[PDB]
Amino acid sequence: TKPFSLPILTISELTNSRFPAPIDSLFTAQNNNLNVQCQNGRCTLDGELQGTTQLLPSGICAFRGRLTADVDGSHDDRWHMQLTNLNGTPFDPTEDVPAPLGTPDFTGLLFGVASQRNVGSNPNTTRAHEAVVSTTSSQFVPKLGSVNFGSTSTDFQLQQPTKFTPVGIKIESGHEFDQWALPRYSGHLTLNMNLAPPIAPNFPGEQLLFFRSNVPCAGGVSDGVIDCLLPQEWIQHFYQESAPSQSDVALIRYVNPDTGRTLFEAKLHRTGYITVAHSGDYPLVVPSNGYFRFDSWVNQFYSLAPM
Amino acid sequence: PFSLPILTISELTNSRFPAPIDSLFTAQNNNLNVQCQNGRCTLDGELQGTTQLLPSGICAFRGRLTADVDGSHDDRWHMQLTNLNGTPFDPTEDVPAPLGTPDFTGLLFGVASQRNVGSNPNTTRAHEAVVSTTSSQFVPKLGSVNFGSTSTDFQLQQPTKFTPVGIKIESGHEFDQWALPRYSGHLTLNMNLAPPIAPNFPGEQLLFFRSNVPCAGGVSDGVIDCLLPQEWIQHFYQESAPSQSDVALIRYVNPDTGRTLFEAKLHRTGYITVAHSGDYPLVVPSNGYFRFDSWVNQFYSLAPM
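Quick look at the structure:
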C-alpha cells in the first residue's frame, strides 16, 4: 500500500480550509459539548472530500452565477444571485451534498466583493463593489440554488456573469458571528441534509487541535477567529495521494527540523481531525519552523504523551 | 522521480493572481518580454522572483499604516510592509521585492482591513482600496506601498492587510500584465529578477494558464496569464525531484479515453512550450490534465498541436 504522508509545511505556509486566509496559530480547545460540524475543510486521510469541501483556496466561501432579480423593497439583500458551481457547470440540487461546494459553513455576515463582466450587448464592460452575504437571511438558500447579497452600490446588472470574492466577516447588532453554527442551506424552517458528521474527541483527556486564522472584519469588535480541522494543503495532499488508511488513527509528531526534536505528539484520525492530550484552552507555543510528520498507525488503546 | 499533480483546469489556481484557471492559451511570438516574478519555480522546486507558496499571498500586502499623505498623493495611506508571514521586511534580501508583490503595471483593486491592537483592541474596519503599481509611492523593495480609498475610515499605527480582488481600468492607467512595475520607485531599475522566458526552438510558442480576473470598472477581459499553476509550484517545492535533463516531455491526456491529446515541453526553469503557429485558445476536455512522460533533450521536436 502507498505510504501515508503529510506535506512539509510550516504554519505560515498553510491555508485555512474554512476561509481563504493563512493559518496564524494552533489552538486546542477545552471540551464544552460544542457541536463541531464544519462542512468546509472536511477530508478523510485517504483523500475523500466531504461536506462542501473542494480543492481551491479561491473556492472557499466564494460564489459564482448571475443576478436574476433585484428585490429591493422586499428584502434588504436586494441582489438575487442564481448560482452555478464554482467551476461554471450548472448547479444540480439533486446532488447528495449539503450545498454547492465552497458555500460558507458559519452563521454571520460574509463580507466581500461582487464583480461582473458582461457578455452580449456591451461585452467586457465590468464593475465590482463591496457586498455582504448574510448566511442567516431568508434569501440564503444555496442548496435551492441562490443567495442574495446587499451592497452600498446600486451599480449591478441582471443576467450578467457574477462572482462573489470573500474578504472577511462583519459584525452588526443582531448579526453576531458563530463559526460553529451551520447556516440553513435551504432557508428558514428547513433542516440540513447530507452533512459530514460531527467531530469530537472520544478519549479521556483529549481535546481537538485547530489550525486557527484571524480573518479580516469589516467593522465591529471581533478577533476574526475561524478554526479548521485540517489545512487546505493537507486536504490537497490527501486527495492526490489517496494512501490507504491502515487504522483509525495516524500518530503524528510535531518536529523542530533544526534540532530534530519531537515537540509533541497528536492523533490524526481517519475521518480528518487531530486530537492532543491537554486540559484547557491553550494557544500552542511552537517554533516558526515546526511541522507535523507522520509516525505510524496506532490502535484504539493508544494514550498520547501529555502536551 | 519527477511528477505533476493530477488536477484538471478547474482544480488549478493562477500563480500570478488568486483566481482559478479558466483556460489554456498559446500566444503568437511577437518579441514579448515575458518576465513575470510571481509564478516562477524550477522543476526541482526552487521558487524564484517574488514567488511564495500561498494563493492568499499572491498580490497581497501586510504591515501597518504609518502616515496619511492626503493631498500629497492620491494614494493617501502609507503602508509600511512586513513580509506576508509577519516577519520584518529586510531590504537586503536578494529578491526584487517582498514575496507576493504584484508583477504587473496597472491598478490592483482589493480591500484594505485593520484589526486594532493596543488602543480599542479588536475594533475592525475594511474598505475597498486600490494599489497603483505605477505610483511614485509603489516602492515595495524599499519597504512600503500606498493605497487609495474613497473611505476616510483607516487608522494609523494599526495592523493592516490588503486582500487583492481584481484589477481596475481608468484613463491613464491601462493594465499591462507583462510590464514589471518599478519595485523601488520612479527612476529606478529592478534587481535580482528571475530571468526572461521565451521559446528557443523554431515553431514553438509559450503555453499559458489563463485566468479572467475581476475588474472594478472599465472594458477589460481581465486576462492574467501564468507559466505554471500555483499547485504545480507547491508540488515541485514538496517533491524537489532532481531534473534529469533540460526538458520534461509532458502529455495532455484524456483520462477517460486514455488518449494523449497533445505533447508539450516543460522546461527546467519552469515554463511550457508547444508546437503551434498563432494565437490559440486550446480546445480540450474538462477532465484533461498533463502527465510527465520523460526527460528529453532541448531539441526534441514536438508533434504539432
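Protein chains in written order, with this note's numbering: chain A, 1 to 307; chain B, 1001 to 1305.
Ideal Cβ placement from N, Cα and C applies to all residues, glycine included.
{"Query": "Report the start-end ranges of each beta strand (DSSP E) in the segment 66 to 105 of chain A that is 3 residues or longer and not cut off at the edges.", "Result": "79 to 84"}
{"Query": "For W297(A), write down the residues that DSSP places opposite it in a beta bridge.", "Result": "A250(A)"}
{"Query": "Enumerated in chain order, which unbroken segments of the beta strand (DSSP E) with a length of 3 residues or greater are wholly contained in the segment 1225 to 1279 of chain B?", "Result": "1247 to 1253, 1260 to 1267 and 1271 to 1275"}
{"Query": "Quick one: complete alpha helix (DSSP H) runs, 4+ long, within the segment 114 to 143 of chain A?", "Result": "none"}
{"Query": "Would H188(A) be called buried (16 or more neighbouring beta carbons within 10 Å of its own) or exposed?", "Result": "exposed"}
{"Query": "Taking only beta-carbon atoms, is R42(A) less than 8 angstroms away from chain B?", "Result": "no"}
{"Query": "Can you give me the Cβ contacts of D155(A) inside the same chain, cut-off strictly under 6 angstroms, excluding the 5 residues immediately before and after it?", "Result": "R127"}
{"Query": "Please report how far the alpha carbon of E1231(B) lies from the alpha carbon of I171(A), in whole angstroms.", "Result": "34 angstroms"}
{"Query": "Drop a sphere of 10 angstroms on the beta-carbon of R1259(B), count the other beta-carbons inside from all chains shown, and report buried for 16 or more, exposed for fewer.", "Result": "exposed"}
{"Query": "Please state whether DSSP places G1148(B) in a helix, a strand or coil.", "Result": "strand"}
{"Query": "Should the segment 1060 to 1069 of chain B be regarded as contacting the segment 1077 to 1091 of chain B, the criterion being three or more beta carbon pairs within less than 8 angstroms?", "Result": "yes"}
{"Query": "Can you tell me whether DSSP reads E13(A) as helix, strand or coil?", "Result": "helix"}
{"Query": "For chain B, is any of its Cβ atoms less than 8 angstroms away from the one on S12(A)?", "Result": "yes"}
{"Query": "Which residue wins for smallest C-alpha separation from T1101(B), given the options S1277(B), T1133(B) and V1165(B)?", "Result": "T1133(B)"}
{"Query": "For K163(A), go through chain B and note every residue whose CB falls closer than 8 angstroms to its CB, in chain order.", "Result": "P1214"}
{"Query": "Do you know offhand how far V1284(B)'s Cα is from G112(A)'s?", "Result": "33 angstroms"}
{"Query": "With a 10 Å radius around its C-beta and 16 neighbouring C-beta atoms as the bar for buried, classify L14(A) as buried or exposed.", "Result": "buried"}
{"Query": "Just the chain B side, please: which residues come within less than 9 angstroms of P20(A) by C-beta, in chain order?", "Result": "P1018, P1055, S1056 and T1163"}
{"Query": "Which residue marks the beginning of the beta strand (DSSP E) containing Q1205(B), and which one marks its end?", "Result": "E1204 to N1212"}
{"Query": "I need the boundaries of the beta strand (DSSP E) containing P1159(B), first residue and last residue.", "Result": "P1159 to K1168"}
{"Query": "Which residue or residues does DSSP assign as beta-bridge partners of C61(A)?", "Result": "Partner(s): none; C61(A) has no beta bridge."}
{"Query": "Have a look at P283(A) and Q30(A) and give me their C-alpha separation to the nearest angstrom.", "Result": "11 angstroms"}
{"Query": "Under 8 angstroms, Cβ to Cβ, is there at least one residue of chain B near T125(A)?", "Result": "yes"}
{"Query": "Can you tell me which residues form a DSSP beta bridge with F27(A)?", "Result": "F210(A) and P283(A)"}
{"Query": "Please confirm whether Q1238(B) and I8(A) have their CB atoms less than 8 angstroms apart.", "Result": "yes"}
{"Query": "Helix, strand or coil: which one does DSSP assign to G1143(B)?", "Result": "coil"}
{"Query": "Can you tell me which residues form a DSSP beta bridge with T1105(B)?", "Result": "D1176(B)"}
{"Query": "In whole angstroms, give me the CA-to-CA distance for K267(A) and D281(A).", "Result": "18 angstroms"}
{"Query": "Between the Cα of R212(A) and those of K2(A), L6(A), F19(A) and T1(A), spot the shortest distance and give me the residue it belongs to.", "Result": "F19(A)"}
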